[PDB]
Each structure stands twice: as structure tokens, then as C-alpha cells.
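Below, in C-alpha cells: the form deposited in one PDB entry, a single chain.
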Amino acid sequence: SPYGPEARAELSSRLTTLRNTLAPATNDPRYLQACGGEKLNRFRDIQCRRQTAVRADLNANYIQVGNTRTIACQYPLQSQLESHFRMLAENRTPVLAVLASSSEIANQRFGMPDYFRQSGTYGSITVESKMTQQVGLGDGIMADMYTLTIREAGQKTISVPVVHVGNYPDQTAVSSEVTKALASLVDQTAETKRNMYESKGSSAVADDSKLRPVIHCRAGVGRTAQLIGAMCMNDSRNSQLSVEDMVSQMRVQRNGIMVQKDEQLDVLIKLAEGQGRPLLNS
């Protein structure tokens, strides 16, 4: 019964209501507005909750799901790259997970710059990319890893581990098994890097806004939300956090599109069922 069609219909009912309530109005005080004529939102109707925004010129949010702290963002626009790199460096980012595929990044019409697989200079920031490991996730899906070294006069140099799902499939969800493997890889990569900062006495360890995994796909609401949900279920501190809680938290803290497609929610429901985790709040 707890995972039956009736419960799933009720979950969808609650979530649909929330999406509608959170839809952005014109100049909505709840959402970050572009300062001028420069594009902020990659998609006009996929907006950035103002109160949890990371930077005034990025579509990017702090999200806490139960105890699990992350940043979810859109794929940065070309015009946003310098700010995006500064965000990554200031956060002492312990892992950057990119869920847009190589084919999507290569599609010029999508305007997704290949900012992490090659080196470059963006305003005052110089970035070096190096390839590291490759980890299979199941179903032939492969995580290609990199290190991004971000240099800028006046700032400390920061290196960021990157997990890129280069062959993330199109027009379909990855399975619960692949998602679990991806969440484990992302969390493990973050733990290793966070530990290095702790060992060096970094002040970022004490700052709730820093040391957050940064996750994006194209818009930061579909694949990204599926992964964040899986990461929260991979966190031993989150006993009794329901699927309703996790999706509501993502939506209130970023936008009402988080977990964009029913196919993505299906994966989260399957993961929850495997754990005996509730779908709904009583």
C-alpha cells in the first residue's frame, strides 16, 4: 500500500500543487531577477529562488534536503563563466558533478560551454583541466573525472574534482542502480576533498555555505534533482525523511520544477521503496 498507485497519485497531487504555487510571477520577490539586459536564466521559466541564491548573477541555489547540503545550478551561460568559476573557488567545491552529456555540450545550439574539459582564461580567472579517473556506473554509463585548477590574482588557487557523466542518455532517466552508483561516487569524491581541507585547517569547514557539492545538468532541475534525491537517501543522517519532504525541499529552495519529469520521480520512488523510506508525510 505505501508504494501503491494510490499513494503515488497522492504524492503527485501534493507535488503538482506545490509546483503551481511556486510558479514565478513577473518580478516575483521570491526569485532572483536579472540586473539588466544580460540573460540570467537559461530557460525563461526555470528561475532561481532569491533567498537561497548563491550569487546575484548566477542561476544557482543552496539546497539542504534533510541534512544533505548541496548547490544546484543551471549549466552556466558563456557570459556567466567567470562568476561560475569564482563561485566554485569560493565554495572550496569538493566535487562538481556535470550531468549534461558530451553530445549535448557539443551541440552549439544549446549554448553549453565546454568549461571543464579544456583549459582557458575567463576575465581574470585562468583554469587548467586535467583528466583523472574513469568510473563505470552501470548500463554502460561512464563517469569521466577531471581536476579543475582555478587561478586568479588576489585569490587562493583552488582545485575542484569533477565527475562528468559524459554519456548520460537523452530523453530518458538513468536507472535507480546507475543513480545510486553516481550518488556514491559524487559523495565519496566530495568526502575525500573535504577531508583534505579539514586536514589543512581551512576556515571553510565551519561555514554552512561552503564545501558544498555543486551539481548541474542543462537546467539544474531534472537529472540534477534526481541525483540530489539519491544523495540525500545515501546520507545516514536522513532517516525518516520522506519523498514528499525531499522534493518539497528542493522545490521551495530552488524552483517548482525540481524533479521535472515523472520518469525522474519514478527513480526516487524506487530508491525510497528499497529502503522502506516513506513516500508521504502523515
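Start at 1 with the first residue shown and count on from there.
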inquiry  = Highest mean C-alpha temperature factor of the two stretches 34-42 and 63-71, which is it?
reply    = 34-42
ask   = When the C-alpha temperature factors are averaged for each of 243-251 and 228-236, which stretch ends up with the higher value in the entry?
value = 228-236
request  = Using the temperature factors in the entry, find which of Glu177, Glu191, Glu198, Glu128 has the highest value at its Cα atom.
outcome  = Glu128
key: Highest recorded Cα temperature factor - choice among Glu152, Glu90, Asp207, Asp187   = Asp207
Ranked C-alpha temperature factor of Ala106 among modelled chain residues, by third = highest
key: Third of the chain, ranked by Cα B-factor, where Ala183 sits   = lowest
message = Is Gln260 in the lowest, middle or highest third of its chain when residues are ranked by C-alpha B-factor?
response = middle
request  = Among all modelled residues of this chain, ranked by Cα B factor, put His216 in the bottom, middle or top third, i.e. lowest, middle or highest.
outcome  = lowest
task = Divide the modelled residues of the chain into thirds by Cα B-factor and specify which third, lowest, middle or highest, holds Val165.
result = lowest
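Here the subject shifts to the form deposited with a partner chain bound, a form of this protein not shown in this document.
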query = Quick one: does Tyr115 come within 4.5 Å of its partner chain in the deposited bound form, counting heavy atoms only?
reply = no
query = Quick one: is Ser202 in contact with its partner chain in the deposited bound form, heavy atoms, 4.5 Å cut-off?
reply = yes
task = Using the partner position in the deposited bound form, report whether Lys210 sits within 4.5 Å of its partner chain, counting heavy atoms only.
result = no
query = Heavy atom to heavy atom, is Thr157 within 4.5 Å of its partner chain in the deposited bound form?
reply = yes
task = Specify the contacting stretch among 78-86, 93-101, 194-202, 119-127, defined as having any heavy atom within 4.5 Å of its partner chain in the deposited bound form.
result = 194-202
